[PDB]
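Written out below as C-alpha cells is the structure these notes cover.
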Amino acid sequence: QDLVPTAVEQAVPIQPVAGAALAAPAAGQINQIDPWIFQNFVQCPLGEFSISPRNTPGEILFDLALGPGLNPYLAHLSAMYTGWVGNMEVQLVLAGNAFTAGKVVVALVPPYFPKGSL
Amino acid sequence: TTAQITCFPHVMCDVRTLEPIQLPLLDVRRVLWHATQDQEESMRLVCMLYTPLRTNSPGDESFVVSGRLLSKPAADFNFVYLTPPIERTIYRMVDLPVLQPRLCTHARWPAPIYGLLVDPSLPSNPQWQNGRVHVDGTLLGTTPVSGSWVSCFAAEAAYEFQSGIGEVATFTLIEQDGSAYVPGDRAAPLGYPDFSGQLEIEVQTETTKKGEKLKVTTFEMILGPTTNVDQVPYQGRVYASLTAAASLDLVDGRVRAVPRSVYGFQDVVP
Amino acid sequence: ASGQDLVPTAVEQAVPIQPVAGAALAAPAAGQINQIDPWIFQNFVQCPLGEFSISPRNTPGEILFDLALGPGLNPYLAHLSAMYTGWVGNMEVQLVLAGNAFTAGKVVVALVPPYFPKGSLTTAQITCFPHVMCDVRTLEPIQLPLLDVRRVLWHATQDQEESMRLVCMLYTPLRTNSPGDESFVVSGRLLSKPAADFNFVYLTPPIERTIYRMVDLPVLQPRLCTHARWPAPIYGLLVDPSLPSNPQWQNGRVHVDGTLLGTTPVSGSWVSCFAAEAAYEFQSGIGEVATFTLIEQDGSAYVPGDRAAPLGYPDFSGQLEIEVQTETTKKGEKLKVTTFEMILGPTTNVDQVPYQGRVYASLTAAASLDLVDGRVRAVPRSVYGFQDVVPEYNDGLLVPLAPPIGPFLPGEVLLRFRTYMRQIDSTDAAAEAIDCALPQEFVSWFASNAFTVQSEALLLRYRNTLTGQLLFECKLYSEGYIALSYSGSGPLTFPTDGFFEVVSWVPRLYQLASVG
Amino acid sequence: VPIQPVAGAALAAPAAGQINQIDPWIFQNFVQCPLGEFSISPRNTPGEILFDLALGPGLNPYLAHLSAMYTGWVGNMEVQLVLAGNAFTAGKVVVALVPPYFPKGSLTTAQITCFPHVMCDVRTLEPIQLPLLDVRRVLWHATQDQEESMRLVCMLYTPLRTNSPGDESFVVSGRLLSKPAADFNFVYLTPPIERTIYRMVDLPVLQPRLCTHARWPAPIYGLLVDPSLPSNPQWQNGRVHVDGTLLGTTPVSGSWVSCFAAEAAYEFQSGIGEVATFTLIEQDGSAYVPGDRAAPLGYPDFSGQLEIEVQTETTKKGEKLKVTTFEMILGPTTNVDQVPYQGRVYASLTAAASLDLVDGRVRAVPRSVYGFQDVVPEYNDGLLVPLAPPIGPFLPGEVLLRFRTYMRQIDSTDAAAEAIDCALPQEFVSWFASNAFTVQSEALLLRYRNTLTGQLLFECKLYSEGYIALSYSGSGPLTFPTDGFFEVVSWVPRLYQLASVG
C-alpha cells in the first residue's frame, strides 16, 4: 500500500533560481546586505488590502510587484544600490474573525505575461 | 444511495473545514491505455452529500457553499502516442464568441436583438423549434446555422386561382438552397418559423402576361394553431393567399419566402 | 542516391557561425524544470509558415520567406507555447526543394541577426550574413541550423522576441530547359524540428488568445452561410475575370487580424438595413417623403468618425424599397408596414447623404396619411436599377472609404460569393447577381477570434464532403477576400458543398495551381 | 520512422489460449492490398487522400481467407510502396502512420508530416519499405468485428510537376504491397464461420437475360445506356445497397414487384359508379405502419394508368373466381384521393352494367398501363414522402447503364412507346439482401464477361448505393449483348477512371 494521505501540508515547490551567479561577472559590486533583514517579515510599503462581500466574484484584489519596495528596509537601501537581484517571501495576514466563508487564490505570475485580465 | 457510497475508497470532508484534502484517482481499467477521443469510462468520482448541512445566522433563506476541484497528474501520467494538435477535440475549451448581445443576430426572427430580459410572469418552459442548439454540432429543432434562413423558407410556388376569393399559392417547401426536403425528424425545413398568426411573406415572382413589369407580390399566409384549410409544413405544402380583384398570371418556378409582418402574435407552436 | 539523379544530391557548405549555448543560461533564471518531450524531437514536422512557390516570374532580389526564430515553426511548439511564457531557441530546418532536372536556379538562405533593420535585404547582402546557397534541383532535404544570438536569457513568447531570422532570396531566377508550355513553378515546403537544446522556461496557463496559434475557418458549408452584403443564402461561389476584379465594395470585408474595415457589421441581420429617427414633414402632389436621421441600429447614435456610413448600410446604387414599421397610421385601416422607395444612387437630386445621416426616402401615394415619428427600423426589398458600384455617400464629396480589394498576382481573380437579390424589372430579366468577398460566418468568426497574422496570405483547401478530393486551393489575403488562380475567361462556378480548410500562412507571392 | 516498439505478440500470448503460426511462405510474398491503388496526376492540387489503409487481415487475400477460422489476431504488417515514375518527375509524397482513435474530419498538408511519417519521392528507384505495427489498446484484436487499428494515410506533398505529352496526362500510378512480419500470428482457432466481414462480393453467374427485372415482372430484354436520358433518376423499385439494406419499396421477390395486397371495399354504384377502395397492408400477411418505405413493399413506382387483376368472391352470376380490369391512376392526375403512404388507393372498376362484387383480402397483379412516364407517383396527395434518394453523384465521364424490359400497354398512337429501366435486377437485389456483404470502398469494379468467347465487353463500377455506372463519352444510345456474367475484381475507390466504352 501507499496510504495516500489527504489534507497534506500545503507548499509551493519550484526551484532556486539565481544564487546571484548569473549577475556575478557583470555587476561589479554584488553587495551582501545585513543578514538580520533576511529574518523579519516586515509590512511592505504597498500592502493593505481588503476583501468585501459586495465586491465581485472574480476580481483582482491586488497585484504586487517584485522589488525592494516590498520591504521598508529594502526600500531605504534602494535609494542607493542602483541594481538588485534575488528572491523574496510574502506573508499574507487576514482578519476574517472565524465566521466569513471565502477563499482567495494568491498566485505568482511570471513576467512578460499579458497584463489584461486573469 | 446513502450507505453504498461508503463502501468505496473515500474521504468524508467536513464542510466547515480549512486547507483542503487529497484524493488519488488511479485508473483501475481493463484495457492497456485510454484513447483521448472516444468516451470509454474511467476511474470516476461520485461526490455525495452525506449528512445534510444546516445554517443558523444565514438561516433566512439559504447559504450556498461554493467548492472548487484542483487536480494534478501525480507522477505516473503519460500520453501513449504523439499526434498533430487538431482543433476539434474532446477537451479543448468551450470559449464563447467575444460579442455583445447587441451587435448580434436573433435566432427566431431576422431582426437585431434589442434586449436581454428576465420574465418570471409566465410558465417558462416554452417549446421553441428554431433557435435552439446543443453545445455540440447537433441542431435540435428547425434551426439553421445562418442568420438569414430564420423565419424564411424556400419553395416551388404554384399559383392557382383567378382572383374570385383571392389567389392561392402552394409552396412545397424545399430547404433554402439545399436539396429536396425529404420529411424526416425535423418537423419543418431548416428555417420555417415556429410562432403563430397571419404571417405576411414578400415573394419574388415572375409576373409577365404582357411585358411591362416584374414585381414582389407580397401576400399573407395563415400559420397559426387553428388554421383555415390544409396547413401542413411537416410534409410540406403550404397555402398562401393574396387578396386580389384581378390576377394576371405568374410564372412559378422557384421562390424564397421572407416575412415582413405578422397579424396577431401568439408565441405558441404553429 | 535513392532515385536516378542528374541533380545535386548533396549540399553541406559549412555555415560560419559559432554554436550558441542556449538553455544552460536560462535554467538558473526560471524557477522551474521544463523538458518538452523526447519525441517532439527527432521528428521533422512542417512549420505553419513559409510554404514557398518559386516561379519564373520573380526578380532575383525577391524574398521567398523570412522566418523569425520562435515556437511558431512547428504545430507542436506553437501548441505548447500557448501555455508557457518564454523559450530558448535552436532549430534544425530542412528546406525541401523540388523541381525536375530541367529547372535551374539558386536560392540563398541567410541567418540574419536579430538587431538588423527589416527593410532592404538586397541581392548583394549574401556575403555579409552566414549563408548557404542551394540549388533548386537538389534531391536531399537541405538541413541547416536556425540558432538564436540574443542579449537576454530567454525570449518571451508574446510580442517580445526580436530574434534571429532566416531570409531566403532566389539568387538566380528559375529558368527551365523544358521544350513545352508546362508550368515549372517549383513548390517547396520547408519543415523544422527543435534541437536537443530548445526548451520553455516558465509555465503560465493557456489563454487561447495567443499569437501564432493555429488559425481555422468555421466548418459549416459555404451554402449554409449568410451573405455579408445582402440578407440571402449564398447561391453559388464562383470566379469570373470579366468582372472588374478591383472592387470598392464596403460591407462584407474584414482583416483577419480581426478589424472590421468598411461599413461591416458582425451579423447577418445588421447588414444593409436602416434604423433611424423618422420625420414625415413634406406633403404635396409629388408623393410623400421620409427624412430619417440614421443611428447605429441599436440604442447608440451615429456620430460619423471614420465608418463612412452606419454599420450595415447598402453600398450599391439602386432604387431599393425599404419596408418599415411606419408607427401607427392614425385612424382607420391601420396597416403598420410601409414600403418607401429610395433612390440612394450617386448624388441623385438633393441632400440624400448617409455620411451625416438623413437620407431621403419617398413613396408616391395619393392618400396623405399621417405617420408618427420615432425610431423606425427598415429592411430592404426589391432593388431597381441595380448597379454594383459605390453610391456617393457625402453628396458627391469625398468620404473615408475602405481600400479596394487590392494587390492580386497577375494570374489571380477573387472568389465571389454569389446570391440573387430581389428585384423589379421592366423587362423579363433575372439573376440580379450580388457577390461579396466573404460570407457573414467568416466575418463574425474573424472579428470574434482576432487571430494574429504572421504572413500575409493563408492557403485554404476546399473539400466537398462527399466524393471529395480537393476541388481547389486558394490563398485568403489578410484584407478579407479569397483569391484563386484562374487564368482563363468566363465565369467558372464551384459546387457549394465544400469545407474551407486551412493550411498555413504564405507570402503574397505564392503560386496557386490553376483551376479549370 | 520514430515509433520504437518492443513486442506485439508476446504481450497477448498469455491471455490467448493458443497462438497459431501461418506458414513461412506467406511471410515472403508482397501481395497487394485491395484498395490502395493511387494515381498522382499533375492536375491534382496537393493535400488529397491517396489512400487510408487500416491494419488487419483484410490487407492480403491470404490473411483474409485464413482469418475466417480463427477468433482474432495480433502482430505487425509491412508495406512496400511502389511508384510507376522514372526520372524527370519531381514531387514528394508522404506516408503518414496515423494511430487508432484519430478522427477523420480533415487532414491538410501541415497535418500529414506531424505523425511518424516517411517522406518519400516520386523519383525514387527502389521500393519503399514501411512498418505498420499495431498500437493496441487491448491484448488481441478480434477478427469478426471491425476495430479501430493503426491506419496508413498517404498524401502528396510538394505536388507532381512533370512534363506531359499530348492527350495523355502523365499519372504516377502507385501501389501498396502488404506482407505480415514475424510478429503476426492469429489466436484461438474457431472453425465454423460461413459468412465473414472479409468475404468478397461475388455477383452470381446468372445471365442478365435469364434474370427477372426488379421494377416490372418481365424478363430483361435489353441492357443499354443512354446519355440523352436523365442520368440522375429517382427509382424506388430495384434500389439496394451492397450491404443488403433495401431502399424504398423494394421487395426480395420477383413476384412482389409492381403489385400490392390489400383489403378491398366495393361500395358505390349510383349512375356513374364503378369505384373500389383498397386499404393496403403487405404481400405476405402482415400489417402496414407508414415509416420510411413510402408505400408498401413492391408497390408500383411509376406514373400511369395501371390496370390490375384481382381475385373476387362474387356471390351472383359466377363462382368465387372472376378477374376484371381495375383501372387505377398511379399518375400525377389526382382525380381520386390516391395515397399509398397511408395505404388507401382507389380504382375504377369496369365498364359494367351496375355492380356485383364482394370485399375481401385481394392481391392485385398488374397487366397494362396507359402512358408511361419515368417520374415518381404521388404517394401522399401530392405532398412529400420519405423516399429513397436519387442515384448519387457520378464521375462526370460516367452514366448509369440500365436494364430494358417492355411493358404491354394501351397506346393507339404508336407501338412499343415505352421501356422500363433499372439497375441491379431482382436476382442481384435478392442476392445482396441475402448474403449481406460488408463493404470496404464506396465503389466496386466489375468486368462484363461473355460466356462462350470470354471477350471483355465492358468494365463497369458498381457503387455501394446499388447502381452500376459506365464511362461512355457520347450522346447516343448503345446496347450490349445480354449473355455476360458480371464478375468482380476489387473494391476500387470513388474517383476511379474506368477506361472507356466504344
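Each chain in the C-alpha cells gets a letter, A, B and so on, in the order shown; residues start at 1 in every chain, and ligands are counted from 1 in the order they appear.
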
#### Entry: Spatial neighbours of residue D:91, max dist 7 Å, only C-alpha atoms, sep filter under 2 positions, as a VMD selection string
(chain C and resid 98 to 99) or (chain D and resid 89 93 121 to 122 158 to 161)

Let's have the selection written as a PDB file, in the first residue's frame, with N, CA, C and O atoms.
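Output (again.pdb):
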ATOM      1  N   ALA C  98      12.287  21.112 -54.809  1.00  0.00           N
ATOM      2  CA  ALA C  98      11.719  20.147 -55.736  1.00  0.00           C
ATOM      3  C   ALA C  98      11.987  20.671 -57.142  1.00  0.00           C
ATOM      4  O   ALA C  98      12.843  21.535 -57.369  1.00  0.00           O
ATOM      5  N   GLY C  99      11.285  20.128 -58.110  1.00  0.00           N
ATOM      6  CA  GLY C  99      11.555  20.548 -59.464  1.00  0.00           C
ATOM      7  C   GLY C  99      12.493  19.580 -60.145  1.00  0.00           C
ATOM      8  O   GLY C  99      13.377  18.982 -59.522  1.00  0.00           O
TER       9      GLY C  99
ATOM     10  N   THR D  89      10.383  13.649 -63.109  1.00  0.00           N
ATOM     11  CA  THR D  89       9.062  13.849 -62.493  1.00  0.00           C
ATOM     12  C   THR D  89       9.279  14.081 -61.002  1.00  0.00           C
ATOM     13  O   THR D  89       9.130  13.154 -60.207  1.00  0.00           O
ATOM     14  N   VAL D  93       5.927  12.809 -51.688  1.00  0.00           N
ATOM     15  CA  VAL D  93       4.677  12.236 -51.203  1.00  0.00           C
ATOM     16  C   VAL D  93       4.977  11.607 -49.846  1.00  0.00           C
ATOM     17  O   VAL D  93       6.024  10.982 -49.656  1.00  0.00           O
ATOM     18  N   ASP D 121       9.503   9.938 -52.361  1.00  0.00           N
ATOM     19  CA  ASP D 121       9.528  10.769 -53.548  1.00  0.00           C
ATOM     20  C   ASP D 121       8.957   9.987 -54.721  1.00  0.00           C
ATOM     21  O   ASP D 121       8.915   8.756 -54.710  1.00  0.00           O
ATOM     22  N   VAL D 122       8.486  10.722 -55.728  1.00  0.00           N
ATOM     23  CA  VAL D 122       8.043  10.089 -56.965  1.00  0.00           C
ATOM     24  C   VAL D 122       9.238   9.555 -57.746  1.00  0.00           C
ATOM     25  O   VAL D 122       9.206   8.435 -58.272  1.00  0.00           O
ATOM     26  N   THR D 158       4.266  18.803 -51.826  1.00  0.00           N
ATOM     27  CA  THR D 158       5.017  19.452 -52.904  1.00  0.00           C
ATOM     28  C   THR D 158       4.693  18.720 -54.199  1.00  0.00           C
ATOM     29  O   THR D 158       5.460  17.848 -54.610  1.00  0.00           O
ATOM     30  N   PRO D 159       3.544  19.013 -54.830  1.00  0.00           N
ATOM     31  CA  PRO D 159       2.930  18.089 -55.796  1.00  0.00           C
ATOM     32  C   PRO D 159       3.704  17.816 -57.073  1.00  0.00           C
ATOM     33  O   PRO D 159       4.771  18.387 -57.322  1.00  0.00           O
ATOM     34  N   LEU D 160       3.134  16.939 -57.894  1.00  0.00           N
ATOM     35  CA  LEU D 160       3.793  16.452 -59.096  1.00  0.00           C
ATOM     36  C   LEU D 160       3.871  17.554 -60.140  1.00  0.00           C
ATOM     37  O   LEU D 160       2.846  18.097 -60.559  1.00  0.00           O
ATOM     38  N   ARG D 161       5.093  17.891 -60.552  1.00  0.00           N
ATOM     39  CA  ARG D 161       5.361  18.940 -61.538  1.00  0.00           C
ATOM     40  C   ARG D 161       6.225  18.307 -62.617  1.00  0.00           C
ATOM     41  O   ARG D 161       7.455  18.334 -62.538  1.00  0.00           O
TER      42      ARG D 161
END

Could you please select, counting only C-alpha atoms, the residues of chain A within 12 Å of chain B and state them as a CSV table (one decimal) with C-alpha atoms, in the first residue's frame?
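part_31.csv written:
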chain,number,residue,atom,x,y,z
A,2,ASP,CA,0.9,3.7,-0.1
A,3,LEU,CA,-1.9,5.0,2.2
A,4,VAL,CA,-2.1,8.3,0.1
A,5,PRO,CA,-2.6,10.9,2.9
A,6,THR,CA,-5.2,13.6,2.3
A,7,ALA,CA,-5.1,17.2,3.7
A,8,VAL,CA,-1.3,17.5,3.3
A,9,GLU,CA,0.8,20.4,4.4
A,10,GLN,CA,0.4,22.9,1.5
A,11,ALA,CA,3.6,24.2,-0.2
A,57,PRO,CA,-16.8,37.1,-7.7
A,98,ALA,CA,-13.6,32.9,12.1
A,99,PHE,CA,-17.0,33.5,10.5
A,100,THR,CA,-16.6,34.7,6.9
A,101,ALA,CA,-16.7,31.9,4.3
A,102,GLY,CA,-14.5,32.6,1.4
A,103,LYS,CA,-11.3,31.5,-0.4
A,104,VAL,CA,-8.6,33.7,-2.2
A,105,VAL,CA,-6.0,32.4,-4.6

Using only C-alpha atoms, what does the table of chain A residues within 10 Å of chain C look like, with each row giving the shortest atom pair and its distance in Å to one decimal, sorted by chain and ascending number, as a tab-separated table?
residue	atom	partner	partner_atom	distance
A:13	CA	C:32	CA	8.9
A:14	CA	C:32	CA	5.3
A:15	CA	C:31	CA	4.7
A:16	CA	C:31	CA	6.1
A:17	CA	C:28	CA	4.6
A:18	CA	C:28	CA	5.1
A:19	CA	C:28	CA	8.1
A:20	CA	C:28	CA	9.5
A:21	CA	C:28	CA	8.4
A:22	CA	C:28	CA	7.5
A:108	CA	C:204	CA	10.0
A:109	CA	C:204	CA	7.4
A:110	CA	C:202	CA	7.1
A:111	CA	C:85	CA	8.0
A:112	CA	C:156	CA	6.0
A:113	CA	C:85	CA	6.7
A:114	CA	C:158	CA	7.9
A:118	CA	C:207	CA	9.4

Serialized selection, C-alpha atoms, as a JSON list (two decimals), in the first residue's frame:
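Listed below is the output, result22.json:
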[["chain", "number", "residue", "atom", "x", "y", "z"],
["A", 13, "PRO", "CA", 7.77, 23.82, -4.86],
["A", 14, "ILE", "CA", 9.59, 25.21, -7.85],
["A", 15, "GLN", "CA", 13.40, 25.77, -7.83],
["A", 16, "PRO", "CA", 16.17, 28.06, -6.58],
["A", 17, "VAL", "CA", 16.61, 30.42, -9.49],
["A", 18, "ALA", "CA", 19.79, 32.55, -9.31],
["A", 19, "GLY", "CA", 22.13, 32.31, -6.34],
["A", 20, "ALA", "CA", 23.34, 35.72, -7.63],
["A", 21, "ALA", "CA", 25.52, 33.72, -10.03],
["A", 22, "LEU", "CA", 24.10, 34.96, -13.32],
["A", 108, "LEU", "CA", 2.91, 34.39, -8.56],
["A", 109, "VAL", "CA", 2.55, 35.21, -12.26],
["A", 110, "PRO", "CA", 5.72, 35.23, -14.41],
["A", 111, "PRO", "CA", 6.90, 38.37, -16.22],
["A", 112, "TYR", "CA", 6.24, 39.20, -19.88],
["A", 113, "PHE", "CA", 2.68, 37.83, -19.42],
["A", 114, "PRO", "CA", -0.32, 39.74, -20.84],
["A", 118, "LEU", "CA", -6.98, 36.92, -15.10]]

### Message
Can you measure atom CA of residue C:177 to atom CA of residue D:38 for me? One decimal in Å is fine.
### Response
29.5 Å

### Query
If we count only C-alpha atoms, what is near residue C:434 at a cut-off of 10 Å, once residues fewer than 6 positions away on the same chain are taken out, given as a ChimeraX atom specification?
/C:227,229-230,232,234-235,316,386-388,416-421

Once you have the residues from the selection above, write them out as an mmCIF file, in the first residue's frame, restricted to N, CA and C atoms.
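Saved result, out-v1.cif, follows:
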data_model
loop_
_atom_site.group_PDB
_atom_site.id
_atom_site.type_symbol
_atom_site.label_atom_id
_atom_site.label_comp_id
_atom_site.auth_asym_id
_atom_site.auth_seq_id
_atom_site.Cartn_x
_atom_site.Cartn_y
_atom_site.Cartn_z
ATOM 1 N N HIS C 227 -25.002 35.727 -46.595
ATOM 2 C CA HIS C 227 -24.218 36.618 -47.435
ATOM 3 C C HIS C 227 -24.025 37.948 -46.723
ATOM 4 N N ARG C 229 -23.488 40.965 -47.593
ATOM 5 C CA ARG C 229 -23.774 42.182 -48.332
ATOM 6 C C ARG C 229 -25.251 42.355 -48.649
ATOM 7 N N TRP C 230 -26.018 41.268 -48.714
ATOM 8 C CA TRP C 230 -27.455 41.237 -48.872
ATOM 9 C C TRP C 230 -27.945 40.069 -48.027
ATOM 10 N N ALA C 232 -29.315 37.089 -47.768
ATOM 11 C CA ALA C 232 -29.756 35.979 -48.597
ATOM 12 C C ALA C 232 -28.770 34.836 -48.431
ATOM 13 N N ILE C 234 -26.160 32.001 -49.762
ATOM 14 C CA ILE C 234 -25.206 32.078 -50.865
ATOM 15 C C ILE C 234 -25.640 31.103 -51.956
ATOM 16 N N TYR C 235 -26.135 31.639 -53.068
ATOM 17 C CA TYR C 235 -26.499 30.818 -54.219
ATOM 18 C C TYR C 235 -25.346 30.692 -55.207
ATOM 19 N N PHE C 316 -24.606 49.971 -52.609
ATOM 20 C CA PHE C 316 -24.834 49.699 -54.021
ATOM 21 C C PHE C 316 -25.907 50.652 -54.516
ATOM 22 N N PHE C 386 -30.272 48.346 -60.473
ATOM 23 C CA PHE C 386 -29.153 47.906 -59.655
ATOM 24 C C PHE C 386 -27.827 48.085 -60.379
ATOM 25 N N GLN C 387 -26.858 48.646 -59.666
ATOM 26 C CA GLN C 387 -25.520 48.883 -60.188
ATOM 27 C C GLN C 387 -24.544 48.636 -59.053
ATOM 28 N N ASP C 388 -23.670 47.645 -59.221
ATOM 29 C CA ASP C 388 -22.780 47.194 -58.149
ATOM 30 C C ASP C 388 -21.555 48.108 -58.082
ATOM 31 N N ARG C 416 -15.850 35.081 -55.575
ATOM 32 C CA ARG C 416 -17.009 35.888 -55.247
ATOM 33 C C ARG C 416 -18.166 34.976 -54.868
ATOM 34 N N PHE C 417 -18.738 35.243 -53.699
ATOM 35 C CA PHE C 417 -19.900 34.534 -53.191
ATOM 36 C C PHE C 417 -21.139 35.221 -53.741
ATOM 37 N N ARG C 418 -21.982 34.464 -54.432
ATOM 38 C CA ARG C 418 -22.966 34.994 -55.360
ATOM 39 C C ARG C 418 -24.348 34.547 -54.927
ATOM 40 N N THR C 419 -25.207 35.514 -54.612
ATOM 41 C CA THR C 419 -26.627 35.270 -54.403
ATOM 42 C C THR C 419 -27.408 36.110 -55.399
ATOM 43 N N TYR C 420 -28.727 35.968 -55.352
ATOM 44 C CA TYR C 420 -29.613 36.626 -56.303
ATOM 45 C C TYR C 420 -30.665 37.383 -55.502
ATOM 46 N N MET C 421 -30.433 38.678 -55.314
ATOM 47 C CA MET C 421 -31.339 39.520 -54.553
ATOM 48 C C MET C 421 -32.641 39.762 -55.312
#

### Query
Could you write out as an MDAnalysis selection string the residues of chain C within 7 Å of chain D, counting only C-alpha atoms?
chainID C and resid 2:4 45:46 48 98:101 182 184 187:189 467 469:470 472:473 503 513

Next, the residues of the selection above should be written as a short mmCIF file (atom, residue, chain, number, x, y, z; two decimals), in the first residue's frame with N, CA, C and O atoms.
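Writing the result to selection.cif gives the following:
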data_model
loop_
_atom_site.label_atom_id
_atom_site.label_comp_id
_atom_site.auth_asym_id
_atom_site.auth_seq_id
_atom_site.Cartn_x
_atom_site.Cartn_y
_atom_site.Cartn_z
N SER C 2 18.93 7.60 -53.78
CA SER C 2 17.72 6.80 -53.84
C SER C 2 17.17 6.74 -55.26
O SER C 2 17.01 5.66 -55.84
N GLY C 3 16.86 7.90 -55.83
CA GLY C 3 16.39 7.95 -57.20
C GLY C 3 17.51 8.16 -58.19
O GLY C 3 18.66 8.37 -57.83
N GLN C 4 17.15 8.09 -59.47
CA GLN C 4 18.10 8.33 -60.55
C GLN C 4 18.21 9.83 -60.79
O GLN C 4 17.21 10.52 -60.98
N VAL C 45 8.88 18.14 -38.93
CA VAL C 45 7.47 18.47 -38.94
C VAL C 45 7.29 19.86 -39.54
O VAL C 45 8.07 20.78 -39.26
N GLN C 46 6.29 20.00 -40.42
CA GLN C 46 6.16 21.18 -41.25
C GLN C 46 5.73 22.39 -40.44
O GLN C 46 4.76 22.33 -39.68
N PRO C 48 4.04 26.05 -39.70
CA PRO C 48 2.81 26.66 -40.22
C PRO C 48 3.06 27.98 -40.93
O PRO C 48 2.29 28.93 -40.78
N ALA C 98 12.29 21.11 -54.81
CA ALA C 98 11.72 20.15 -55.74
C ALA C 98 11.99 20.67 -57.14
O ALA C 98 12.84 21.53 -57.37
N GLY C 99 11.28 20.13 -58.11
CA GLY C 99 11.56 20.55 -59.46
C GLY C 99 12.49 19.58 -60.15
O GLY C 99 13.38 18.98 -59.52
N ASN C 100 12.30 19.42 -61.45
CA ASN C 100 12.95 18.34 -62.18
C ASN C 100 14.41 18.69 -62.46
O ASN C 100 14.93 19.71 -62.01
N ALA C 101 15.07 17.84 -63.24
CA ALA C 101 16.41 18.15 -63.74
C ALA C 101 16.39 19.17 -64.87
O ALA C 101 17.45 19.57 -65.34
N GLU C 182 4.81 23.98 -70.06
CA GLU C 182 4.49 23.38 -68.78
C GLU C 182 4.92 24.30 -67.65
O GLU C 182 6.01 24.87 -67.69
N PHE C 184 6.53 25.08 -64.58
CA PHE C 184 7.52 24.64 -63.60
C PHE C 184 7.69 25.69 -62.51
O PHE C 184 8.75 26.30 -62.34
N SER C 187 7.50 24.20 -56.16
CA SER C 187 6.80 24.30 -54.89
C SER C 187 7.63 23.63 -53.81
O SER C 187 7.88 22.42 -53.88
N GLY C 188 8.05 24.40 -52.81
CA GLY C 188 8.83 23.88 -51.73
C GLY C 188 8.17 24.08 -50.38
O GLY C 188 7.72 25.18 -50.04
N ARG C 189 8.12 23.01 -49.60
CA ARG C 189 7.56 23.00 -48.26
C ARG C 189 8.70 22.74 -47.29
O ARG C 189 9.18 21.61 -47.20
N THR C 467 -17.56 12.35 -51.91
CA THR C 467 -16.74 12.11 -53.11
C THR C 467 -15.76 13.26 -53.33
O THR C 467 -15.83 14.01 -54.30
N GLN C 469 -11.82 14.99 -52.35
CA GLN C 469 -10.54 15.14 -53.04
C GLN C 469 -10.42 16.49 -53.75
O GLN C 469 -10.34 16.56 -54.98
N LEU C 470 -10.45 17.56 -52.95
CA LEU C 470 -9.81 18.82 -53.30
C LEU C 470 -10.31 19.54 -54.55
O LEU C 470 -9.69 19.42 -55.61
N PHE C 472 -10.48 22.83 -55.16
CA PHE C 472 -9.42 23.77 -55.49
C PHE C 472 -8.70 24.19 -54.22
O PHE C 472 -9.15 23.91 -53.10
N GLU C 473 -7.57 24.86 -54.40
CA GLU C 473 -6.90 25.58 -53.33
C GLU C 473 -6.85 27.06 -53.69
O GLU C 473 -6.94 27.45 -54.85
N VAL C 503 -4.28 25.76 -44.41
CA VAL C 503 -3.00 25.08 -44.50
C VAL C 503 -1.96 25.80 -43.66
O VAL C 503 -1.50 25.27 -42.64
N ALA C 513 -2.23 26.61 -57.86
CA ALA C 513 -2.49 25.75 -59.00
C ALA C 513 -3.66 26.29 -59.81
O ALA C 513 -4.68 26.71 -59.25
#

Set out as a Markdown table a contact list for chain B and chain C with a cut-off of 7 Å, giving each residue of chain B that qualifies its closest atom pair and distance in Å to one decimal, counting only C-alpha atoms, ordered by chain and rising residue number.
| residue | atom | partner | partner_atom | distance |
| --- | --- | --- | --- | --- |
| B:84 | CA | C:75 | CA | 6.9 |
| B:85 | CA | C:75 | CA | 6.6 |
| B:97 | CA | C:448 | CA | 5.5 |
| B:98 | CA | C:448 | CA | 5.4 |
| B:99 | CA | C:448 | CA | 6.8 |
| B:103 | CA | C:266 | CA | 6.4 |
| B:104 | CA | C:267 | CA | 5.5 |
| B:105 | CA | C:267 | CA | 5.5 |
| B:110 | CA | C:269 | CA | 5.8 |
| B:111 | CA | C:269 | CA | 5.6 |
| B:112 | CA | C:269 | CA | 6.1 |
| B:145 | CA | C:224 | CA | 6.5 |
| B:146 | CA | C:225 | CA | 5.3 |
| B:147 | CA | C:268 | CA | 5.3 |
| B:148 | CA | C:226 | CA | 5.8 |
| B:177 | CA | C:235 | CA | 6.8 |
| B:204 | CA | C:422 | CA | 6.2 |
| B:211 | CA | C:427 | CA | 6.4 |
| B:212 | CA | C:426 | CA | 5.2 |
| B:213 | CA | C:426 | CA | 4.4 |
| B:214 | CA | C:425 | CA | 4.9 |
| B:215 | CA | C:424 | CA | 5.5 |
| B:216 | CA | C:382 | CA | 7.0 |

### Message
Distance limit 12 Å, atoms considered: only C-alpha atoms. Which chain B residues sit that close to chain D? Return them as number ranges by chain.
### Response
B: 29-40, 80-90, 170-174, 179-185, 188, 230-238
